[PDB]
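One chain follows as structure tokens, the form deposited in one PDB entry.
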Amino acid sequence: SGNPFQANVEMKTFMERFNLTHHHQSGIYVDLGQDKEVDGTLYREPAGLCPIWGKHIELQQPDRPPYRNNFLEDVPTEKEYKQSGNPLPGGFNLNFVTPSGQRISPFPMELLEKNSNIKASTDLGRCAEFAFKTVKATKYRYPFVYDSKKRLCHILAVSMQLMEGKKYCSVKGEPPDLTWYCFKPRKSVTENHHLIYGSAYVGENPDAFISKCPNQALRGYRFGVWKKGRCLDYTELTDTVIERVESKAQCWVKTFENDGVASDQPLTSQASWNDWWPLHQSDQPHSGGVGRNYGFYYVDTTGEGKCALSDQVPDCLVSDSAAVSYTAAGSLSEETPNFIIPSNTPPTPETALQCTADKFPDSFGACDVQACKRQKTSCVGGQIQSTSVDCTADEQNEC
């Protein structure tokens, strides 16, 4: 009878957007899928094509001045690090100033929107284009953070994303001998949803991410894989991790902070006070975006908020009007926000899940005799429905 989310061009192109292995093509928790040579040494470089919503690097600095514990503060100056002693004060922000003595980052969006050289149609893409178009003279492309609330575009001099261990870096000052404070990738239930992280390469095709990335939570559907002639949401799969959550927010954080998330990160040196970029290592992994990136919040039959998490690139959806499907790349929110909608170039449709009952009639599958359930695909108040129901009484003789 067919997988309905595949028996259509419109469906296909739409299910493709959640496929992070396809367009994003790189680590999400850590993103370092490319190499680039600078001053004769080979460094890792972020390369993912998709923007990562809510992602910030949490620092672990001492809780005393001069330490701000915010990665959007400037990379420190030599003088500032002379004054502070170990570990480094400051944040990850590029702090270069042009010859004119004008400042690179953070850079105002109002300036970008009125620049012809900036050919992107959306504010997020403009920042991205700017990241991509601006790097004593190198070919390295810094990753960037768009502060979408302050409309400032940040270029990040530091590409490192994760450092831990008493062998590498200090935590809150301890041990006190270490040059670097530790830091990791974070997503928070409450903090910083308005920051967007990305490799420069989001900017090469500054409009592409609009339809090739899973930017938003998908409200009212669970990620699923087509099997045994029906859509199996992750709960029905053996490889899936399921964790009890208190709010749909924790689930979303989990799709990004779980152990299996696409990660391009066992370092082999104490970074110098000045090494803003990971070194290329012989055995470095490139995830390509393969990972436990996918997940949804649902409530089970007993009233519990749960969180299914899978590494299976989904190819069908199970309707569940309470559910929200998250990935590592996109936002908690499910509303297209103003900064990825052209300022004007008409918007690109996703009508892939709109329907009428007349042109979209109840279609039933054959009986999965192992689960004694069958696919039913319908249209209810203008939206596609996809669930696994009871077989007929007849078919039941076979389970």
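Between two forms, the rigid core is the largest collection of C-alphas that superpose within 1.5 Å. Residues that one form lacks are left out of the comparison. Start at 1 and count along the sequence shown; that's the residue number.
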Quiz item: In the deposited sequence, how many residues between residue 265 and residue 266 have no modelled coordinates (none, 1 to 3, 4 to 9, 10 or more)?
Solution: 4 to 9
Practice problem: Using none, 1 to 3, 4 to 9 or 10 or more, say how many deposited residues go missing between residue 135 and residue 136. | Solution: 4 to 9
Exercise. Could you settle it for me: does 385 to 393 or 14 to 22 have the higher average Cα B factor in the PDB entry?
Key: 385 to 393
Quiz item: Taking the recorded C-alpha temperature factors, which stretch has the higher mean, 287 to 295 or 87 to 95?
Solution: 287 to 295
Exercise. Have a look at 333, 69, 34, 345 and flag the one whose Cα has the highest B-factor in the entry.
Key: 345
Quiz item: With respect to the C-alpha temperature factors reported in the PDB entry, which of 100, 188, 215, 325 ranks highest?
Solution: 100
Exercise. Tell me, lowest, middle or highest third: where does the Cα B factor of residue 125 rank within its chain?
Key: middle
Quiz item: Based on the entry's values, in what third of the chain does the Cα temperature factor of residue 304 lie: lowest, middle or highest?
Solution: middle
Quiz item: Mind checking which third residue 175 falls in for C-alpha B-factor across the chain?
Solution: highest
Quiz item: According to the PDB entry, is the CA B factor of residue 352 in the bottom, middle or top third of its chain, that is, lowest, middle or highest?
Solution: highest
Self-check item: Cα B factor band for residue 270 (lowest, middle or highest third within the chain)
Solution: highest
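Another form exists, solved in complex with a partner chain; not displayed. Remarks below refer to it.
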Practice problem: Decide whether residue 356 counts as a contact residue for its partner chain in the bound PDB entry under a heavy atom distance cut-off of 4.5 Å. | Solution: no
Self-check item: is_contact(residue 177, its partner chain) in the bound PDB entry, heavy atom dist at most 4.5 Å
Solution: yes
Quiz item: Taking the shortest heavy atom distance, is residue 76 within 4.5 Å of its partner chain in the bound PDB entry?
Solution: yes
Quiz item: in the bound PDB entry, does residue 107 have a heavy atom within 4.5 Å of its partner chain?
Solution: yes
Quiz item: Which listed residue (247, 115, 83, 321) meets the criterion of a heavy atom within 4.5 Å of its partner chain in the bound PDB entry?
Solution: 115
Quiz prompt | Of 157, 237, 171, 241, the one that lies within 4.5 Å of its partner chain in the bound PDB entry (heavy atoms) | solution = 157
Quiz item: Which single stretch, out of 323 to 331, 283 to 291, 220 to 228, 305 to 313, brings residue heavy atoms within 4.5 Å of its partner chain in the bound PDB entry?
Solution: 283 to 291
Exercise. Report the moving segments between the shown form and the other one: consecutive residues, 3 or more per run, each with a CA shift of 2 Å or more after superposition on the core, given in sequence order.
Key: 136 to 139, 347 to 351
